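Below, each value reflects all heavy atoms present in this structure, side chains not excepted, and no hydrogens, waters or symmetry copies. First the proteins, then the strands, lettered A, B, ... as listed; each starts at 1.
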Amino acid sequence: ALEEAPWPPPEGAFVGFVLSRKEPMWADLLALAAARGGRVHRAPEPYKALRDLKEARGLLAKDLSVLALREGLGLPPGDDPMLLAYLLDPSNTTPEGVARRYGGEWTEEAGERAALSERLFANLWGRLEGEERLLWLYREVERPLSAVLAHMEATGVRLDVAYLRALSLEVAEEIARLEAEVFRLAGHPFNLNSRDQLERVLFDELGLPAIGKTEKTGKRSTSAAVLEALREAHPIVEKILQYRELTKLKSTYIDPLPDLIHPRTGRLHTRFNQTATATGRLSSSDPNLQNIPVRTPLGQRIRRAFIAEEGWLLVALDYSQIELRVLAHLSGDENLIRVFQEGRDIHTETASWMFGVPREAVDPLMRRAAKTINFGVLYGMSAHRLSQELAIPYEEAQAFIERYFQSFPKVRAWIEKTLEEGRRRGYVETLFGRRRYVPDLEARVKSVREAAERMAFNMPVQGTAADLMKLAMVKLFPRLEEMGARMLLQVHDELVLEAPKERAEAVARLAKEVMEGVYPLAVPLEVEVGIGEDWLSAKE
DNA sequence: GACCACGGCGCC
DNA sequence: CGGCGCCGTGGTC
Ligand SMILES: COc1cc2ccccc2cc1[C@H]1C[C@H](O)[C@@H](COP(=O)(O)OP(=O)(O)OP(=O)(O)O)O1
Ligand SMILES: [Mg+2]
Ligand SMILES: [Mg+2]
């Protein structure tokens, strides 16, 4: 019993659609349909039929909305059961997974996807009745955010292709030089991109000591960590590290990105996946524009290739230490709150209470160490690991850990309070009430239990930070539109905007305020803002 | 031509 | 001994 009716569908219908490939900016729309009351309407011509819809409503609504924006159609995404499912349990990441769990079959037919969307929305919307915090997240953050992401994906970012093509040649010559030297020291050619062949050269032929093994197969590891500890053992090691650095950036960024420029837009379009992480973070893929290099000198050159349209500037806004500020709020630790209320640099404050200097006498050597202890405790770093990263005895690493919690006792209290709650309810929660179900919190194997604990007490911090960024994007986007400005990229605690040259300053100031005041905490949120013609100079 | 597992590594 | 996605290799159908 499957009711069929002629195109077009009534208002409020749930859409189903089939793409030739997973990227909506690149996809051919193969079929389109819509279902209401279980009655399914199928479009004779999908592209024409797109014009008849008022909104995109159903599984993966954002994807269809991106394709529609590509065709110059204003078809905003509305209700999407994936978002509901994801808020219920962020392990719900795919239509297939959601259908398997809650009911139905995710197939490759437009009509059935449309019918499935409606059935899943009814089912899932009902499971959320009573869950007012989850429903607030849905109505106020996720659903409106999906429209923000749709415009971000369809706008894309301009890329300096010629610059990257020239950068490619230059890096290739450096790669060729390093390869020759490695062959010389090895005494023969081999595939240097093959870790299996490298393993033999290093540990069988040159007889260097094997330090660690790989997780699944127990091979001798050639990871950067192992090679770092082996720098002094042979001149070939340092050469391999340099090689790895260059080929990593060339094979992942320099060479592939130029070929991903879209013919219609002349820009580069990523995908912002809204139901992909266990914490409420977004992810970026096809290509991933959330891991563009920045740390090393060659990486910074890649950033310069991301630029603004002619007559526009890039506006880069970054939350300063958002996770620690969230931690201050959640824990209520008076010491940690004080640091932020007085506008001091926690990383610099840490180094002072580590090296016994005052906050003025802290060089980057000591702030680099402060970073380690601060993030180490946030993520559950072990004493052994800390002793290695700081190059200190294991016993004084233990003492540093204890001194930290002695200085921030409410943090320790909050961790333990969060885990007990986790053990009891079976999930942990962000400030806004986003949930992550964490099993094995009471596992009888210590290593399993403790791994689960770190996941558990991390999620409220990372997830709250994610909620604040997401909400800021929701509030900011319509202010950007009314100023003729664009949202281009989100990198977890960073936003990149594009604005006309003249309004760039006013957009920068406004965006800063909206982000800083998105949701007031016991501590202020500070936002570093910068303006430039490219991503590097903008952040500089 | 397609797929997948693994080690390895880019970013927050 | 926190959260992601992409690469090349080696193997397979
Ligand atoms: C595994 O976790 C980490 C451990 C670290 C240990 C030592 C050093 C760095 C580390 C970085 C990270 C991850 C997690 C972090 O969110 C991200 C950015 O780290 P930034 O260096 O940008 O820290 P900020 O506070 O922005 O410093 P600043 O910009 O204000 O000077 O990298
Ligand atoms: Mg930073
Ligand atoms: Mg993996």
Side-chain angles (χ1 to χ4, degrees), chain A residues 90 93 190-199 212-228 240-241 243-257 260 270-273 275-296 298-300 302-303 318-324 326-327 371 374-389 394 397 415 428 436 438 446-448 450-466 469 489-495 535 539:
Chain A
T93 60
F190 64 102
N191 193 351
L192 187 46
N193 302 324
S194 167
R195 54 87 50 223
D196 286 339
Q197 292 182 39
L198 175 60
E199 181 187 345
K213 308 295 204 69
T214 66
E215 183 62 27
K216 300 260 199 301
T217 55
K219 296 174 193 169
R220 297 162 295 185
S221 186
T222 67
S223 76
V226 160
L227 297 180
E228 278 296 333
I240 291 156
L241 285 163
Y243 180 84
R244 287 258 179 91
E245 194 206 349
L246 280 312
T247 52
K248 176 63 172 186
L249 302 199
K250 183 167 187 298
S251 66
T252 302
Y253 307 101
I254 302 173
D255 293 345
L257 285 177
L260 293 173
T270 182
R271 302 171 65 200
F272 285 109
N273 312 306
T275 68
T277 77
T279 60
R281 272 189 174 189
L282 293 174
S283 88
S284 175
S285 66
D286 311 291
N288 185 352
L289 295 185
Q290 284 182 329
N291 69 340
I292 303 301
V294 69
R295 297 288 161 175
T296 70
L298 179 61
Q300 294 189 25
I302 292 170
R303 288 252 169 160
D318 309 329
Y319 282 108
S320 310
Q321 299 88 23
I322 187 160
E323 282 187 343
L324 286 168
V326 165
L327 179 63
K371 280 176 181 277
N374 279 334
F375 284 116
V377 175
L378 256 189
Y379 301 151
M381 174 166 291
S382 71
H384 176 252
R385 163 61 84 166
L386 181 65
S387 64
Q388 227 58 62
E389 293 299 332
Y394 176 81
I415 285 171
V428 288
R436 183 188 179 170
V438 192
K446 180 162 75 186
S447 69
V448 180
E450 291 190 341
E453 290 178 346
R454 291 188 291 271
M455 295 178 185
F457 69 72
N458 163 267
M459 186 268 173
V461 174
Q462 180 176 126
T464 299
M469 174 56 87
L489 301 172
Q490 185 258 46
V491 189
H492 308 308
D493 57 19
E494 315 176 352
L495 288 178
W535 200 351
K539 253 153 164 293

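- Distances shorter than 4.0 Å separate some side-chain N or O of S283(A) from OP1 or OP2 on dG5(C).
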Inset, instruction - Please assess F272(A) against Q290(A) for the test side-chain contact (heavy atoms from CB on, under 4.5 Å), listing each intermediate value before the final yes or no. - result: CA-CA 10 Å; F272(A) 285 109; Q290(A) 284 182 329; 4.3 Å; yes
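- Here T222(A) reaches the OP1 or OP2 of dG8(B): one of its side-chain N or O atoms lies under 4.0 Å away.
- At the phosphate of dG8(B), OP1 or OP2 sits under 4.0 Å from a side-chain N or O atom of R195(A).
- Residue-level contact check: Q197(A) touches the backbone only, with heavy atoms under 4.0 Å from sugar-phosphate atoms and none from bases.
- Of the side-chain N and O atoms in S221(A), one or more sit less than 4.0 angstrom from OP1 or OP2 of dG8(B).
- Between the CE atom of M469(A) and the P atom of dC11(B) there is a distance of 18 Å, rounded to whole Å.
- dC4(B): sugar pucker south (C1'-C2'-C3'-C4' torsion negative).
- The residue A278(A) sits close only to the backbone: its heavy atoms come under 4.0 Å of sugar-phosphate atoms, none of a base.
- For the residue pair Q462(A)/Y379(A), the side-chain donor-acceptor check at 3.5 Å is not satisfied.
- Checking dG8(B), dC11(B), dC7(C) against the side-chain heavy atoms of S251(A) singles out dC7(C) as nearest.
- Taking atom CD1 of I302(A) as the reference point, atom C1' of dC9(B) lies 13 Å away to the nearest angstrom.
- With a 4.5 Å cut-off on side-chain heavy atoms, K219(A) and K213(A) do not count as touching.
- The closest donor-acceptor contact from the side chain of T277(A) to the backbone of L282(A) lies at 3.5 Å or more, if one exists at all.
- With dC11(B), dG8(B), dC1(C) as the choices, the nucleotide that has an atom nearest any side-chain atom of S447(A) turns out to be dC1(C).
- Dashed line: the shortest gap from a side-chain N or O of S285(A) to OP1 or OP2 of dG5(C) is not under 4.0 Å.
- Remark: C1' of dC11(B) and CZ of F272(A) are 13 Å apart, rounded to the nearest angstrom.
- Among the heavy atoms of the strands lying under 4.0 Å from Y253(A) are primed sugar atoms or P, OP1, OP2 only; no base atom is included.
- Base-pair partner of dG1(B): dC13(C) (Watson-Crick or G-U wobble, both distances under 3.5 Å).
- One N or O on the side chain of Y253(A) and one on the backbone of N291(A) form a donor-acceptor pair closer than 3.5 Å.
- In the interface, the side chain of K216(A) is not paired with the base of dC6(B) through any donor and acceptor atom under 3.5 Å apart.
- The listed nucleotides are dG7(B), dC11(B), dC4(C); the one nearest the side chain of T277(A) is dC4(C).
- The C1'-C2'-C3'-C4' torsion of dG10(B) is positive, which assigns its sugar to the north, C3'-endo side.
- A sub-4.0 Å separation between OP1 or OP2 of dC9(B) and a side-chain N or O of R244(A) is present.
- When the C1' atom of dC6(C) is taken as reference, atom NZ of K250(A) falls 16 Å away, rounded to whole Å.
- Taking only side-chain nitrogens and oxygens, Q290(A) never comes nearer than 4.0 Å to OP1 or OP2 of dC6(C).
- The main-chain N or O of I292(A) is found under 3.5 Å from a side-chain atom of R303(A) such that the two form a donor-acceptor pair.
- None of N193(A), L198(A), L249(A) except one satisfies the side chain to side chain contact (heavy atoms under 4.5 Å, CB included) rule with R244(A); the exception is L198(A).
- Between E215(A) atom CD and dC1(C) atom P there is a gap of 11 Å when expressed in whole angstrom units.
- Across the protein-nucleic acid pair, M455(A) atom CE and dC1(C) atom P stand 13 Å apart, rounded to whole Å.
- For the pair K539(A) NZ and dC11(B) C1', the computed distance is 11 Å after rounding to whole Å.
- Comparing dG7(B), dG10(B), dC4(C) by their nearest atom to the side chain of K248(A) picks out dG10(B).
- No hydrogens or angles were tested; on distance alone, nothing pairs the side chain of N288(A) with the base of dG5(C) as donor and acceptor under 3.5 Å.
- We find that CD1 of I292(A) is positioned 19 Å from P of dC4(C), with the value rounded to whole Å.
- For the OP1/OP2 pair of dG2(C) and a distance below 4.0 Å, the side-chain nitrogens and oxygens of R454(A) include at least one atom meeting the criterion.
- The shortest distance between the side-chain N/O atoms of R436(A) and the OP1/OP2 oxygens of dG3(C) is below 4.0 Å.
- In this model, the phosphate group of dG7(B) is approached by a side-chain N or O of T217(A) to a distance below 4.0 Å at OP1 or OP2.
- If you check distances only, the side chain of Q462(A) never reaches the base of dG3(C) with a donor-acceptor pair under 3.5 Å.
- Across all strands, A465(A) comes closer than 4.0 Å to no nucleic acid atom at all (heavy-atom distances).
- No engagement by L282(A) is indicated, since no non-hydrogen atom pair under 4.0 Å with the nucleic acid exists.
- Considering only side-chain atoms of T279(A), the nucleotide from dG3(C), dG7(B), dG10(B) that sits closest is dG3(C).
- For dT9(C), one of the phosphate oxygens OP1 or OP2 lies less than 4.0 angstrom from a side-chain nitrogen or oxygen of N193(A).
- Checked by atom type and distance alone, the side chain of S284(A) pairs as donor or acceptor with a backbone atom of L289(A) at under 3.5 Å.
- Here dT9(C) is the nucleotide among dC7(C), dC9(B), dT9(C) with the atom lying nearest to any side-chain atom of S194(A).
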